[PDB]
Structure formats: structure tokens, C-alpha cells
Amino acid sequence: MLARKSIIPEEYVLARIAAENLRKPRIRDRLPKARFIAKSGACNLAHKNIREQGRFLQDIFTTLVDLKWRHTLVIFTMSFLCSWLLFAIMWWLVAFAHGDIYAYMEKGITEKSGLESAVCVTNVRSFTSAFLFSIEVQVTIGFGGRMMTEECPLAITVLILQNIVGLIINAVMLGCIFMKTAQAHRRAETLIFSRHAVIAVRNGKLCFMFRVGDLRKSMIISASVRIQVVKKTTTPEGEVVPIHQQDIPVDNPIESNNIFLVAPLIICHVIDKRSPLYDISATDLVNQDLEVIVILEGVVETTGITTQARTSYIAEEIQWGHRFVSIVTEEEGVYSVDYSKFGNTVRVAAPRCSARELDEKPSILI
Amino acid sequence: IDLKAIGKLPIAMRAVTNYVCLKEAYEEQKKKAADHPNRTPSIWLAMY
Amino acid sequence: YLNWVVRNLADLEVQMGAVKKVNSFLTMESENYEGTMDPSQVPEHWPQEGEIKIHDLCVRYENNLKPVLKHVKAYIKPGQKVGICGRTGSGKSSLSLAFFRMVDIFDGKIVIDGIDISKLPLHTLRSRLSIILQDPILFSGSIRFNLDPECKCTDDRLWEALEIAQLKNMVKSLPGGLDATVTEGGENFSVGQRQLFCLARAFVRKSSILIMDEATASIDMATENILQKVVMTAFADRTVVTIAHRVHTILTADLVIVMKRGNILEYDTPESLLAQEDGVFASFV
Amino acid sequence: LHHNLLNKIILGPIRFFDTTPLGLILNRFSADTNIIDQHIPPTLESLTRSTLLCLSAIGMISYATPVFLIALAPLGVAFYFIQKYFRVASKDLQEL
Amino acid sequence: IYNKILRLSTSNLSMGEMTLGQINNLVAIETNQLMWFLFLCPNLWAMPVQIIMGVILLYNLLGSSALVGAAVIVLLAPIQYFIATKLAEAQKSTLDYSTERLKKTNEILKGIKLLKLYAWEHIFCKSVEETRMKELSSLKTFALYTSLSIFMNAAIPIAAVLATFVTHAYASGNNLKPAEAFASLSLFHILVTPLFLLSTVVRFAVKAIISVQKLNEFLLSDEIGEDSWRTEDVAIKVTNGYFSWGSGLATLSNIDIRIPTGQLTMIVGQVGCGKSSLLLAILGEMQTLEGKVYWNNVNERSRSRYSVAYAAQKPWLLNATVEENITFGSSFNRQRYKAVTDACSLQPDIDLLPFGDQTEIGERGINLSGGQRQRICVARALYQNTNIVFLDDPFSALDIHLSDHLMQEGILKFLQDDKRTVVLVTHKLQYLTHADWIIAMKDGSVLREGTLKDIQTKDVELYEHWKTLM
Ligand SMILES: COc1ccc(Cl)cc1C(=O)NCCc1ccc(S(=O)(=O)NC(=O)NC2CCCCC2)cc1
Ligand SMILES: Nc1ncnc2c1ncn2[C@@H]1O[C@H](COP(=O)(O)OP(=O)(O)OP(=O)(O)O)[C@@H](O)[C@H]1O
């Protein structure tokens, strides 16, 4: 309640370490980082201010088909209960109006009559009975202690309406269940990537290498490897290409971009003149605004669905001077690989100059 | 909750909008007062 | 009434978190307060004759190896007048500190008047010597009494002489009474007046065993004040083991010092010592 | 408190005045002293009065009609969460 | 308040002995008091409604004793007003004694080095202790009165309840009714809460009216204008009979100027009569009455359309980072900044400071001395590019004449590489190098800013004697 009524203390003295410590930097960088796509898929761009196209109910149905299995049962059950209840209320009103409730109550209070010759819908006497008759009509049970005599045509209209709507509900729900059962192999994607990237020395020039593997016992067919470099450039005439993606060859025995993926692999990329990696040196490759994307494509023979797997690399994670330990080893009777040595890298003799000069100064020595 | 998450102020309650309205209202008073011989402009009636 | 509780609780949390600052500060405990319980309080009537440098004088004005002694000593017989030569090792930080056992009297043996000064309470040890560095700037109010808290004789009974220890008032008629000194002001002549006050205090105190630090103004007035001090206090037997910006006090130094970045040796003879060895300091200007 | 603080600051190591800002001592000697002298007493009095009134009230309520204390467990639970979360955020906001 | 503060006059008739304290108070307290009144505004015209309704539905519930009860409870307001007034007076006295103690504490804490060396801390602590005893003897009354306030505010309501209910059995004839008694107790709590807040509201509102008075005393103040809206080679001219400052008494009167680019005209005259005044007035912040005002560029102009930097006889350093200080609105450019830092020889000064260009400066931070502040001012001067630069007594109290030689070399090296006219003013005529013009005055202009050669043998030898003899 009015904590600071006494406002008098102002500018008496503060005079302190707020930033005038002089031995601690005043600045707080806070280290925010932005990458073209996150380390685990999920391309993180920012679309906004797009001319919207409104919505349409077909999109609501489209949502209905794509639900987790713990909600389809719930919507199923709610749909069924609501339908039974709604038609029970309609039947109860019909029974009320035609004078059937009064007739049954008056001639059953005194059992002398036993008259059921003039009634709209036999043996409907309460809302409980109406909500058990509607059950007997919707699910095609038909217990049949409650016939529908032929007279009151409003009841017959209600029966036609309800039978057809019930069939619609049954057909749609069966369709949803079948569609979700057919596309049930389609769990998710499980492509495992090495995180750290080396630049070793091999075959007279540098490289760019990482490791990739699968987990599903089905290998992936017609797998293709694409590697791109993301950087901002301008034309020599000077136009801002905001985030230019440049395609770079991935080496192979015949220069083609398929790869066969059973035991994990090294994905080399020889740095040559056209490659944007011509101009990057050892102490340089900790400071740079670059993002190298890797795009893997294929199909899984089991489910028969095309899959695309994405990852992203920045200059900060890449650690010059290393290579990958030979994960494989000829075992007692059959090859094997320990994925536990996935992110493990070792260091070996690494020249510190730039491939820009590794042909300029023609000595394999640096 | 550092200053980065407390945000820049909402569009209508920032410095400039308030400055402009108080000044306009005070003039709306000073112009009235100038014709008046012996009454000065003040703040209270201008704020209303 | 169930709403005031949470708000007032937050207020109490803020205020107690404030009091935690004072409770933490109060835990500071150093600059050891003690005395070695000597009979007659290590006679202060005694510490007015002669002084000796401390052999292997190892000050503790740091957490790592101090610049006072890396197994560094001095070669001084009693009465060894000295000067200034260097940057930090030969300065008013370690030398002045062990001058009167005021800052880190831990190692070595600076036995003032032959008696171990290190084993002395702060009061007697600091009050058996007067030291002035640069401009003092430590007083508020009037200058009549600020010179000393318990000086009954040598100031009032010598009124013109008390101000005349370095520079008599001569403007005491305009100010009310003896003094009405401005609030941390009058700094122009006060640059020399701080030393002047130190000289007055050290002449009244009847000790005269003090080393006085450097002036900084380097103006003619600082030269006149230094000349007056030498005429009055440094004319008396015990003089300054000084350090200064201008090398003009080597006039009667007997063994110069080279306490610096490298060797801590400060060895100099009886006659040409001031000149030949100080080629760097003499060639700096 | 003030007398002890002032008699323990002055008898200080050189390193204390050396390694700290020459304003932090003065700030925590002026602002904090004023707060703990003329602002803390009322806060403590208000907290004690409010909590004692609330406790006695809930006690007589509980004594009169037993069903209240069966509802006490949910409400009290709620109180704890509120009494937690405010206290975490409010300080931060005040420190802004 | 800020936008009126910027366009205020620097004359000594209005901006004077009490100019920065009053402005600081008007911004830090009176604005806050007006705000905290507008915060509590509606309770002014709602508490009366609640009190009236409380009396109504107390009379119709507990008979004619409720009128007595309402009279009893209402007395809570006058008591709370009186207690508040006494408390405020006590708080004023306590605040005064607190400020005194703080000044003494800063004087005995900042000057620790001498106290540490001479060991005069045990003797001068008794003064702070005695002042603390005075503080406690002033705060005891505040605490006592506040305790009386707390006690009365919590207790008066119960006495009012006691009177209002007791009055009935002895006087009224209602016999027994438990339900009626319960209703009265509940309706009482609401009335009690609304009373104390209303007494406090009237006192904050009284402070608000007083504060508003101050606010409309400030926003009517002396300002320089009606000319600040008006938008060959020499850029300075006049045909004035007067451009003075106060009320008449033409001060920089009967002068004339001609300041072509590339010059270094040092306004040198009798030391004591308006060098600063003429220079400052040409900048355009004095009571122009009967002059010819002109500062118009050559090929670009709106009010001289370009910023004449300055560092007047009282150098000022912004309470910000040293880098910002040097920049003073300058995008980072390491060449100019490094050249200016070297040209003032600020490297040893920067190095001996706490942390160089990363550390805060000025008041509310690690402080400097007068020579350092002069150096900072000239640093702010030399870095202001793209301008008709100037200065006024930048080194007059500087460290040394050797620093003057270093600054002369730097001024020739940096400014003269461009075409920036630098027009300083000082009574020190020895550094009369590069006299492309010289303005002189004796409480009013003396001669023109011509060459030294024409001045020295214009058949005017007294000028040469006066300038050289210094
Ligand atoms: C709570 O008063 C009353 C109680 C009873 C009655 Cl019948 C009337 C009132 C009344 O008319 N009250 C004035 C309106 C009012 C209320 C509560 C509060 S508050 O939120 O408790 N206090 C703060 O916000 N202080 C902040 C501090 C930081 C800057 C901004 C203000 C602030 C203003
Ligand atoms: N045995 C494994 N099982 C599953 N994923 C793995 C395994 N080894 C590596 N990975 C994948 O490698 C990526 C890099 O992870 P991380 O750097 O934490 O570990 P690592 O050094 O590569 O391998 P390890 O954890 O065996 O040392 C992760 O996305 C992870 O999914």
C-alpha cells in the first residue's frame, strides 16, 4: 500500500560500480546467434507481411485427418455421444407432442387399459427410454421392444433424417481410421549426422569432411548429396544478393551426386578455384560470416516415401587440422562399426596456409 | 527479466505522442489567455 | 487483508537483501590491530635519534613476491642519508611503508632507533613519525585546530611561528579568528600547504624522524616550500629519505638507491655517489 | 547496527579500500543505513500485523465450520504458488 | 520540462547562483509529486461518497447511536493529519542531519590515505559518533510520532465501536438482537479503510498544488529567441553599435569582425574585460539588441548551418564513456581519434587511469584533476570534424608550456591539413605564430584582425609593446 510515499531521497549519492568498475567490461554482448537452419532440421526463416488467403472449411477437415492417435479416439467418442444425444432429444419432443407420454402415464398408473393401439412411437415413455431408443436406431442394434407404428409422419421423417446422418458419421469415421492406418509406417526421419567438420590433407589438396549414417535396417535408395555455401555477395556492378546459396561439387569417382549409404562415410569436397572455400586460412577460420548447408535426399524402400534431411554448419564449429578416427575395425568374423566414435576427431599434420596459396607456393610443405 | 524482454513501449504511450498532446493542449490555453488581459496560462486547466 | 501479506513480504525481502550488504561488509577483518605489549610503550621519547635501513627488508604489500626484497637488502650505517632513483621499487610505496611500519610491517627488521618497530601498536608507531605525500586533502572546516588534536604547547604559544613553520598565514586578518578554512578548497597554495601542515605537525610533535614524499606541482612555489623545509626540518639531523619528480634533493644524500624493475640494490659511497651512478636519472633531463 | 558498522569499517586493511570502488562503501553506508533506519521498521510492523490478523481470522473460521479446513488445502496450495511466484518476479521488476 | 530546459538563457540574471539545484529539484521531485497526485486523483471525490453512505447505512442499522459512532470514527482524519504534519517536520530535521553525517563520512572516507598513514582514524571517529548521537536524538521523535500514528490508526476504530454499541443498551430500548450487532461490525471495516487514505491524499495533494506552482514558475523564464528562428570569405561580420548581455549597458559594443578561413586570430586584449563575452556572443546566446548579426556560410545557410565547437573558460566533460567523450557525436574513425589522442599526449594520462577508453570518467566515477579535465576538453575540441573549429582559453590553466608546444605541433599537424579556421583567445601572446589575423580589445574592440606585419608597424607601436611585453 503506497510503498514509496516519501519521495525525498533523490540524487543524494549513487556514485557506484554501475559501469565505472573499470576492471570489468561495461558491455554485455549476450551472445545471440542466428543460423540459416537449426542444427536439427527446422529451417528457421522469417516470412511475414504476406498477402493472406483467408481460410476455408476444407482446411478444418484437413486438420481432422492429421491428428495424434490419442485425439482421434476422443473426437470419435464425442461425435458418437453428441449424435445419440441430439436425436434422443428430438425423439423425446416427438413423443411429448403427439400425446404419447400422457397416454402411457395415465393408462399405466391404472393397469386396467393395456391400450397401445393409438400411439406415435410405441414404448417411448421417458427421456431415458428415448435415449435408449435412439441407441437402438443409430447403431443398427434394433432391440425391437419399441416398434415405430406407421401413423405419425413426423416420427418417420425423423427416422429417415437420423438414419442417413448416422450413416454419414459412420462412413467418415471409418475413412479417417483407414487413412491413419495406411499411412502408419510414416513415423519420422532418423538420419544421423556428425556434428564437427575437419579440413584434413589428402591426395595433394585439402578437403571438407563429415560423417553420416542411418539407423533403420532399410537402406535408402537413390540417395543424393548436395552441398552449398551460404554467403552474402554483390555483383561487381554492385547489387545485394541477400543470402546467396552457391552449389559446390562433392567429389566422386565419376563426378555424380549419388551416394550408397550402408556403412558411414566421409563426404569429401575438394577445394578448387570455383569453390568459395579458396580463400580461407587457419587463423581466419574462427572469424567469418558463412553458413554451409548439406542436403541429403532419398527414398526408404519399406514405406515408399521420399525423404529429405537437412543440417547446417557454421564456421565457428568447424575445427581445422583434424580428421576422423577409423570407426570401423575388422572384427573376429565380420565387420563392425561403433557409432560411439561418431563425433570423435583426432589431429594430424595439417598445413596452416590457404589452398589459395597451396598451389601458389608449389611445395607440399607449409 | 532483463531490459531486452521488457520491450520498447506500446505504440501510443511513447514519448512523442504524449509530448505532442500536452503541448497542443497548453497552447489551446495560451492562445485563449493572450487575448485575456490579466490571466496567465497555467498547467492544471491545460491538462484537462 | 490477505493481499498486504505478499506485497509486504516482497518489500521485506528487498530490504533484508539490502541489509545483507552491511552484514557482509562488517566481516572484513585485517590491518591487524595489536601491540606487542612492550613496557613503557616502546619509548617514543627515544625514537628521535638516528635511523637505520632494514637489511633484507621484505615488505608484504602484495599477494605475490613484493618489490621490496627479492632477497634484496640495503647497506646502511646509522644516519645514512639517501635519495631517489627508480620508478616503483624506489618510491613512496614500499620504502615509505617500511619507513614507519605503517603499511605491511611483516618481514625484515626495520628497527627504528635500534628497537624492533614491527612489534609496535599502530598508534605509537605512526605517531613517532610524520609523513606527508603530495597534497594531503584530508580536512574539513577550520584550520585553527585541524593541525593537531592534542598539541597544547608548540602551536598556540608560538602562534605566528606555528603558521610560520612553513608559511605564516599573512591572510589571517581577513579570515575570522585564526582560521575558517574552506571546505576542501583553497587548493592552489594548498598544494604546498599540505606539506606545510605536515612540517608544522612534525615540528610541534618534537619527533623530527619523518620522511616526506614528493611534491607534484613542480612550480616555483614547490621549490620555495622544499627549500624552507630543508632550512627548518631537514636542517635538523634526521632528514627525508625522499622520492621526487625532480632530482634536486640529492644535495646531501650519502647512498642512492636503484630499487626498480630489476636488481633491488641501492649501494652508493660517500662522495661521487650521487653523480656517476645516476647517469640514467641525470640524463632523463 | 550503525555503531558496529562504523567502528568496524574504519579499522580496515589497506586492501579493502584498495580493491573496492570508493563509492560502494559510501553507498552501502548512506542508502542502506537510511533504508534500515527509517524504512525497515514500518515494513516489519506491517508484515507482522497483517499476518497475525489473517492467521487469527482463518483460525476462528476453521473453528466455527469444519468444512472450511477441508477447503483449506486447495486454497492454501494456491496461496503457496502465488506467494512463491510473485516474490521471484517482483524483485526483478523492482531491480529494473 | 526538458524541451523548455534546452532553450533557456545563460545570462547571469536568470541562470545564476541557484540555477542547477532548482532545475534538478523541479525535475526529480515536483514532477514526481504531480504524478503521484494524479495517481491518487479519484479518491478525492469518492471517499466523501463512501463516508456519507457509511453514515446512512449505519443509522438505518444501529439507530441513533450510529450518528455518535460516525462522529467518533471521523475523528480519525484530523488526528492522522496532525500526526502526518509533525512526522513531516521530524523527517525534514532528520534528513538535514543525515546529509551532514553523509558529508562528514565522505570527507573521512575518501581521504583515507592520509588517515591510514598518519593514523588519525581513532581520534576523528568520535566526531562521526557524536553526529550519530545527534541523529538518534533527532530520529527518536520521528519514531515516537510514527508509533503514535500506528497506535491511534489501529485503535481509534475499536473505541468508536465501543461507544456506538455501548450507547445502545444504556440509552436505546432495543432489548436483545445478536444479528443486528454483527452487521454493524462488518460495515465498520469499510469505513475505516476509506478514512486514513483520504487524510493522506489531502496532504499529498497539498504538496501537488505547491509543486504545480513551481512548475508554472519555471516554464515562464527568460530565453533567447525571435532570432534563433531566422535561418565573402570571412564568415564573421557586424555593423553593431551594441551587442550586450543584461539590461542596457552595452558590453561588447562598437566592434567589428572579419574572420576568413585558414586564420588563427587569437583575441588578445586587456585581461579582464570580455574576451569570453565577445566570442560567446558571436555564437549567438546573448541579448542581441542593436547589432548586425551574421554567421552565413560560403556556398553553404541556416543559423551558420555548421557547428562551431567550443570549450569555454569552464571546461565541461560529459558524464559518459571516455570514448563517447572524445567522439561527442562522431562515428568511429580510428585515424582522427588516434591522431587527436596523440596530439594532446593523452597516452600517459590514459594509461595511468583505471582502464583507459573503457572506463567511465567525470563525476559519478573515477575522477580527474583540473589539468586532466582541460586535456579532455581540448580532446573534445580537436575531434569535431567538418566545422569552423574554435576554442576559448583551452590551455590557460593547462599542465605546462611544453604541453603547449606539443599542442601547437598537433594543431598545425591535424587542423591545417584541412582548411579549418581555428580562432582561440588567450592573454598569452608568446605563441603568436601564424597570425593570419589578430583581434584585440580593451573592454571593447581595439583594432582589426589583420596581419601581424601591418599591426606591428601601423604607426601603432603601443600595440606591439603591449603584446610583446607579456
Ligand atoms: C491502494 O490505494 C487505495 C486504497 C484504498 C482506497 Cl479507498 C483508495 C486507494 C487509492 O486511491 N490509491 C491510489 C491509486 C494507486 C493504488 C495502488 C498503487 S500500487 O500498485 O500499490 N503502488 C505502485 O504502483 N507504485 C509504483 C512504483 C513504481 C512507479 C509507479 C508506481 C498505486 C496507485
Ligand atoms: N551412438 C549414437 N546414437 C545416436 N546418435 C548419435 C550417436 N553418436 C552420435 N550421434 C549423433 O551425433 C550428433 C553429435 O552429438 P554429440 O556431439 O553430442 O556426440 P558425438 O561426440 O558426435 O558422439 P558421442 O556422443 O558418442 O561422443 C548428435 O546429433 C547425435 O544424435
inquiry  = Sort C:104-111, A:241-248 by the packing proxy (mean of other Cβ within 10 Å over each peptide's residues), most packed first.
reply    = C:104-111, A:241-248
remark   = For the protein assembly as shown, the dipole about the Cα centre with charges only on Cβ (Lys and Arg +1, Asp and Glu -1), to the nearest 20 debye, works out at 1700
All-pairs alpha carbon distance profile, the protein assembly as shown, 10 Å steps from 0, percent = 1, 6, 9, 11, 12, 14, 14, 13, 9, 5, 3, 2, 1, 1, 0, 0
request  = Compute the whole-percent fraction of alpha carbon pairs in the range C:23-73 spaced more than 14 Å apart.
outcome  = 74
query = Which residue, chosen from A:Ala349, B:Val20, E:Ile267, occupies the Cα position most advanced towards the positive end of the dipole of the protein assembly as shown, where the dipole is computed from +1 (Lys, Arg) and -1 (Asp, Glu) charges on Cβ about the Cα centre?
reply = B:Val20
ask   = Based on DSSP H assignment, which helices of chain C show an axial Cα extent of at least 20 Å together with a mean Kyte-Doolittle hydropathy greater than or equal to -0.5?
value = C:4-25, C:187-204
Using alpha-carbon coordinates, inclination of helix A:69-97 to the longest axis of chain A, degrees = 20
note = Long-range amide H partners of A:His244, meaning residues 5 or more apart or on another chain whose placed amide H is closer than 5 Å, are A:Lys231, A:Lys232, A:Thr233
task = Quantify how much of the Cα-Cα distance distribution of the range E:61-103 extends past 15 Å, in percent.
result = 63
remark   = Among trypsin sites (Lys or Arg not before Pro) in the range C:193-225, those in a DSSP loop whose Cβ has at most 12 other Cβ atoms within 10 Å are C:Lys206
query = Which of A:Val334, A:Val172, A:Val262 moves the most in a Gaussian network model of chain A with Cα springs under 10 Å?
reply = A:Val334
Cα shape, the range A:295-366, gyration tensor, a/c 1.5 rule = oblate
ask   = Tell me, Kirkwood radius of the range C:24-130 from alpha-carbon pair distances, in Å?
value = 14.8
query = Just going by the charge dipole of chain E, with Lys and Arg at +1 and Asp and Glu at -1 on Cβ, which of E:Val212, E:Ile376, E:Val192 is farthest out on the positive end?
reply = E:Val192
remark   = For the pair E:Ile123 and E:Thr239, the simple spin-label estimate (label points 7 Å beyond Cα toward Cβ) gives in nm 7.3
key: the range A:46-186, dipole about Cα centre (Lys/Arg Cβ +1, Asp/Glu Cβ -1), debye to the nearest 20   = 860
Sequence-separation-based contact order of chain C, relative, with Cα cut under 8 Å and 6+ spacing, percent = 24
ask   = Taking the highest mean first, how do the peptides E:320-326, C:184-190 order by number of other beta carbon atoms within 10 angstrom per residue?
value = E:320-326, C:184-190
task = Using the structure shown, list the pairs from E:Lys103/E:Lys140; C:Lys81/C:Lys229; C:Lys152/E:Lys116; C:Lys21/D:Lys8 with a Cα-Cα distance above 18 Å, or answer none.
result = E:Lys103/E:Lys140; C:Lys152/E:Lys116
Selection of GluC sites (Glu not before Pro), the range C:237-281, meeting DSSP coil and at most 16 other Cβ within 10 Å = C:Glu271
remark   = Rounded to one decimal in nm, the spacing of the 7 Å Cα→Cβ label points at C:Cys151 and D:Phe79 is 6.8
ask   = Once you average over the residues of E:374-387, how many Cβ atoms of partner chains fall within 10 Å of each Cβ?
value = 0
key: Candidates per trypsin sites (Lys or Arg not before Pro) in chain B, loop by DSSP, up to 16 other Cβ within 10 Å   = B:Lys8, B:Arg14, B:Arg39
task = Starting from the Cα of A:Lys231, draw a straight line to each of the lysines and keep only those under 21 Å, dropping any in the same chain fewer than 8 residues away.
result = A:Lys33, A:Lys39, A:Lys273
note = Cα-based Rg/(2.2 N^0.38 Å) for chain B, rounded to two decimals, is 1.73
ask   = Amide H of E:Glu360: which non-local residues (sequence gap of 5 or more, or other chain) have their own amide H closer than 5 Å, using H built in the peptide plane?
value = A:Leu22
inquiry  = Taking each residue in A:24-33, count the Cβ atoms of any other chain within 10 Å of its Cβ, then average. What number comes out?
reply    = 2
task = For the range A:46-186, build the charge dipole from Cβ charges (+1 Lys, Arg; -1 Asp, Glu) around the Cα centre, then report which of A:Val172, A:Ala182, A:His47 sits farthest towards its positive end.
result = A:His47
message = Could you tell me what a quarter of the Cα convex hull surface of the range A:46-186 works out to, in nm² with one decimal place?
response = 13.2
message = Ranking request for peptides A:306-313, E:277-284: highest mean number of other beta-carbon atoms within 10 Å first, then the rest in descending order.
response = E:277-284, A:306-313
inquiry  = Over chain C, with a Gaussian network built from C-alpha contacts below 10 Å, which listed residue (C:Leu65, C:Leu265, C:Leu273) shows the highest mean-square fluctuation?
reply    = C:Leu65
inquiry  = Please compute the volume of the convex hull spanned by the alpha-carbon atoms of the range E:232-349 and report it per residue in Å³.
reply    = 170
remark   = Extension length gain for A:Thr283 and A:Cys353 (0.36 nm per residue less Cα distance), in nm, is 24.3 nm
request  = Work through the residues other than E:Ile210 whose Cβ is under 15 Å from its Cβ and net out their charges, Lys, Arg +1 and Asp, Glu -1.
outcome  = +2
key: Helix-only CD estimate at 222 nm, as mean residue ellipticity for the protein assembly as shown, using -39500 (n - 2.57) per DSSP H run (n ≥ 4)   = -13500 deg cm²/dmol
message = For peptide E:209-220, what's the mean number of Cβ atoms from other chains within 10 Å of each residue's Cβ?
response = 2
note = From the Cα centre of the range B:1-43 to that of the range A:89-148, the distance in Å is 76
query = Across bins of 20 angstrom width beginning at 0, how are the C-alpha pair distances of chain A distributed, in whole percent?
reply = 18, 30, 21, 20, 10, 1, 0
ask   = For chain C, which semi-axes, largest first and in whole Å, follow from the square roots of 5 times the eigenvalues of its Cα gyration tensor?
value = 38, 29, 21
task = Can you tell me the FRET efficiency between E:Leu429 and C:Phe284 if r is taken as the Cβ-Cβ distance and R0 is 22 Å, rounded to the nearest 0.05?
result = 0.10
query = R0 = 30 Å: FRET efficiency of A:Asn344 with A:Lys33, Cβ-based, nearest 0.05?
reply = 0.75
query = To the nearest 10 degrees, how steep is helix A:127-138 against the longest Cα principal axis of chain A, on a 0 to 90 scale?
reply = 60
note = For chain B, longest principal axis from Cα atoms; helix B:15-35 axis from its Cα atoms; angle between them, nearest 10 degrees, is 0
query = Once you charge only the Cβ atoms, +1 for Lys and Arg and -1 for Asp and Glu, what is the size of the charge dipole of chain A about its Cα centre, to the nearest 20 debye?
reply = 1380
query = What whole-number value in cubic angstrom gives the convex hull volume per residue for the C-alpha atoms of chain E?
reply = 240
request  = Give me the orientation-averaged projected area of the Cα convex hull of the range C:67-155, in nm², one decimal.
outcome  = 8.0
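Where a number appears in this text, it was derived from the coordinates with a stated rule and is not lab data. Counting neighbours? That spans all protein chains shown, and the Cβs are built from the backbone with ideal geometry, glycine included.
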